[PDB]
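Below, in structure tokens: the form deposited in one PDB entry, a single chain.
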């Protein structure tokens, strides 16, 4: 087990943070350097890795703005739901981002050149006589200090009647998708007026509503495979070759429901929250409210691995219904080599399992016990009343510090864990 070692922390210290400080996504980039954290309000904040180094701030830019609807006249919001990066075309780096209605395509670039030379004005702009000029001069270029600056290039807007909860760049540098609660449009990264509705599961009339779409991905190697999830437990595996309209599945991954543990909430703790392909293109881990569960792409009718995250909650499941703590969209991320998997949990713990040795840990991202380069020792929660000095009685977990969003450096062994108002960046001890 890689013993993890505290490395950094962002955000403030006072626990009265306003609503526009709750981190709402965390996403590294393809090569590893940058790290975007788009909290509520829109204020994307990009961290660059110091050329291991620590992460220091690179740019900052209000991405979205509090809008207002015309027809439904709604309080169309400004949260940042997803932040996906694009590959590297030149010395600039691009990244989509979305609130519940829009999708912008920002662009972050450095600049160290300033025009130096004027014709009709002085160095301060104070203009001289119009006619006294005798020899024209052309501005020259001379160095200045790095001034990183973001700016939107396109805005894909007004195509989703419902809220947006996914995007994914297609594996061919050209297109991507964006899956609202009931449809899936396939945009194009250079055409900001047309879309192509590729899936629709909206019924004829609304009142007979059964399921919705709670996630959508693509395939990291194939150009014609998305995996849009479903709010009942099923996972379609669409295929954009056999027919232009991909409404009919080419597979359907569905657990053959177990009648043993059937309970009262047997449909609300079994609704997928995030499906994530596996960095090679074979497995497709998904995370419902109580167990990450690693499907396989060649065996539909059953998963091949099942890891229980916080099993000590299947009793309190009743009490978890009156405080709306049972609708929580947890999120899971893979290792760089498809051997370890991580997912968030309550009370700031974040479980990270291990595929090849079947071990598991439970660390704790907190402040008042950790210093740089120390080690995080496994916290072990106890379900019973027998509690001895190194376990927490489940009657004491604070059900208001949820580690929803997490990431994992592509190649190296650095992770970023985003609690309510901080961004701990625990790495491991380089020896």
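If you superpose the two forms and keep the largest set of C-alpha atoms that fall within 1.5 Å, you have the rigid core. Residue numbers count along the first chain shown, from 1.
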- request: Would you please confirm whether residue 257 lacks atomic coordinates in a third or more of the other entries that were compared?
  value: yes
task: Indicate yes or no: is residue 38 absent from the model in at least a third of the other PDB entries of this protein that were compared?
output: no
task: Using the PDB record, quantify the missing residues of the deposited sequence between residue 51 and residue 52 as none, 1 to 3, 4 to 9, or 10 or more.
output: 4 to 9
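Below: the form deposited in another entry, not depicted.
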- prompt: Which listed residue (91, 304, 140, 155) has a Cα shift of at least 2 Å between the shown form and the other one, rigid core superposed?
  reply: 140
- request: Please say whether, between the shown form and the other one, the C-alpha of residue 104 moves by 2 Å or more once the core is aligned.
  value: no
query: After superposition on the rigid core, does the Cα atom of residue 317 shift by at least 2 Å between the shown form and the other one?
result: yes
query: Would you say residue 337 moves between the shown form and the other one, meaning its CA shifts by 2 Å or more once the core is fitted?
result: no
message: Thinking of the 3 angstroms or more shift, are the C-alphas of residue 119 and residue 110 brought closer or pushed farther apart in the other form than in this view?
response: closer
task: Please say whether the CA atoms of residue 141 and residue 92 come closer or move farther apart in the other form, knowing the change relative to this form is 3 Å or more.
output: farther
